């Protein structure tokens, strides 16, 4: 237990029903990572297949504002997912500690959040369960979205995180008896998030579910005097009771407030860079570590998420 694969395991930073998360250090590059450790012997067949599908989703989410998977290590009883470590905690906890962000700083965070979520939506991944645990900060105050489209069953907080933390962010369709599944649901949640960044508090709240419900269905929220008119007008594009009338993220990216100070740099859909698996400076380093040319090209081209692809990625950070 002091090591797994090419990682020295350090402090346990969370423990849940079916998973633990440890901080760790990659031995070959010296980088810090977070390792999620899932006990497979405690999962039935359905839960086991959900896990693997979700691992496949983590492999295809590659965006500077979404927690990146670096490596998978699997044994008959345990699954280890070696992940990017975001050391800055939850955005909402930051807001409770430091109060509201001025509009300039809220804008630089909200541009990152809209880009990351739109990017998921474009690949047909919708979360429908946004809560404070999903929005993290790294050491440089960049947004890192965690566990997006990744079941609570495999998290440290488990179901309780959703029941305790999801209602304030739930779209009004949750209490209207019909579907709850398209991207429009996450668009409502992102309006709630914008409101928290600019005010430091929740637009809808109550002492019990019935009261929270009332406020969410009514759709009315306080606009403080310090909030610009342009921010107020953006909130109106997210917080619409009729999901059909709600704005889409690709449209909302053209909003005046969103692009203030970005006259020459308008927000638009993220486009993945072409993945460079042929950087010779890093390949030469890996050859120096004892991998062969041929092993490196095979693990990179088949994108194996093994010792090699992780070392290549971590050498690039």
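Residue numbers count along the first chain shown, from 1.
A.B. asks: Please work out which of 196-204 and 161-169 has the higher mean CA B-factor as recorded in the PDB entry.
C.D. replies: According to the PDB entry, the answer is 161-169.
A.B. asks: For the higher mean C-alpha B factor in the entry, choose 267-275 or 31-39.
C.D. replies: Between 267-275 and 31-39, it is 267-275.
A.B. asks: Check the PDB entry and point out which of 229, 118, 75, 112 has the largest C-alpha temperature factor.
C.D. replies: Highest C-alpha B-factor among the listed residues goes to 75.
A.B. asks: C-alpha B factor of residue 144, ranked within the chain: lowest, middle or highest third?
C.D. replies: Within its chain, residue 144 is a lowest-third residue by C-alpha B-factor, going by the deposited values.
A.B. asks: Sorting the chain's CA B-factors, does residue 108 end up in the lowest, middle or highest third?
C.D. replies: Middle third of the chain for residue 108's C-alpha B-factor.
A.B. asks: Per the entry's values, where does residue 289 land by CA temperature factor relative to the rest of its chain, in the lowest, middle or highest third?
C.D. replies: It belongs to the highest third of the chain when residues are ordered by C-alpha B-factor.
A.B. asks: Quick check for you: using the entry's CA B-factors within this chain, is residue 233 in the lowest, middle or highest third?
C.D. replies: Within its chain, residue 233 is a lowest-third residue by C-alpha B-factor, going by the deposited values.
A.B. asks: Considering every modelled residue of the chain and its Cα B-factor in the PDB entry, is residue 83 in the lowest, middle or highest third?
C.D. replies: Tercile = middle for this residue's CA B-factor.
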